[PDB]
Amino acid sequence: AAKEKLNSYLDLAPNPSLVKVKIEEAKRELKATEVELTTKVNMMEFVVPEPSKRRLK
Amino acid sequence: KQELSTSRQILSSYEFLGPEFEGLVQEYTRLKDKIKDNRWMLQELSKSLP
């Protein structure tokens, strides 16, 4: 019950002026993740050809 | 007893910063949860190309 309360605070420095900057940075990172959702619809898939592929992750 | 004592001392240092700081913490936690949800949605689409 004590550890679950502390996890809500750990990302924040104990200085109120610096917390306001992190709140505005989180608001810009939200805006950038919305715009990177933009353009990658268009240049859809192009070239290569071919055979027997093994590989990947 | 030792993990309980250490967790209570760190909590008391944040509780000294007053009620306005606790409102700013709640606002940041709500914003960080939304960024995590949006990143998870992007990860599921890219699995569907051969």
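Residues numbered from 1 in each chain as written, not as in the entry; some residues may be left out. Chains lettered and ligands numbered in written order. Part of a larger assembly, values for the part shown. Heavy atoms only, no water.

What the deposited record gives as its method is cryo-EM, and the resolution it gives is 6.88 Å.

Chain B appears in the PDB entry as HAUS augmin like complex subunit 4 L homeolog from Xenopus laevis. As recorded in the PDB, the entry bears the title "Structure of the vertebrate augmin complex".

As annotated in the PDB entry, chain A is HAUS augmin-like complex subunit 1 from Xenopus laevis.

J.: Can you tell me about the layout of surface pockets, naming the residues and giving the values?
T.: Put simply, the largest pocket is a space of about 770 Å³. Every residue lining the largest pocket is counted, 19 residues in all, and those nearest its centre are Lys40(A), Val41(A), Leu42(B), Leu45(B) and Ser46(B). With five residues, the top contributor of residues to the lining of the largest pocket is helix 2 (residues 19-45) of chain B. Taken together, the residues of the lining of the largest pocket break down into eight nonpolar, six polar and five charged. (1 Å grid on protein atoms, 1.4 Å probe; cavity = no way out; pocket = protein on both sides within 12 Å on 5 of 7 lines; lining within 4 Å. Points joined across faces, edges and corners; volume = space filled by probe spheres on them. Helix = DSSP H or I, 4+ residues; strand = E, 2+ residues; numbered from the N terminus. Nonpolar A, V, L, I, M, F, W, Y, C, P; charged D, E, K, R; others polar.)

J.: Let's hear about the packing of aromatic side chains: which residues, and what values?
T.: The geometry of an aromatic ring pair is captured by the separation of the ring centres together with the interplanar angle, meaning the angle of the planes. If you walk through the whole model with that rule in mind, you get two aromatic pairs over all chains. Each ring, one from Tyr9(A) and one from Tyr14(B), has its centre 5.3 Å from the other, and the planes form 35°; the classification is tilted. Residue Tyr9(A) is found in the loop between helix 1 (2-6) and helix 2 (16-35), and its partner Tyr14(B) is found in helix 1 (residues 2-15); the two belong to separate chains. Neither residue differs from the other here; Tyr9(A) and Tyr14(B) are each classed as buried. Look at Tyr14(B) and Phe21(B): their rings are 6.3 Å apart centre to centre, the planes differ by 25°, and that puts the pair in the stacked class. Site record: aromatic cluster; members linked through ring pairs are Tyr9(A), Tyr14(B) and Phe21(B). (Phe/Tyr/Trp six-rings, centres within 6.5 Å; stacked < 30°, edge-to-face > 60°. Buried < 20%, exposed > 50% of the residue type's maximum accessible area, 1.4 Å probe, protein only.)

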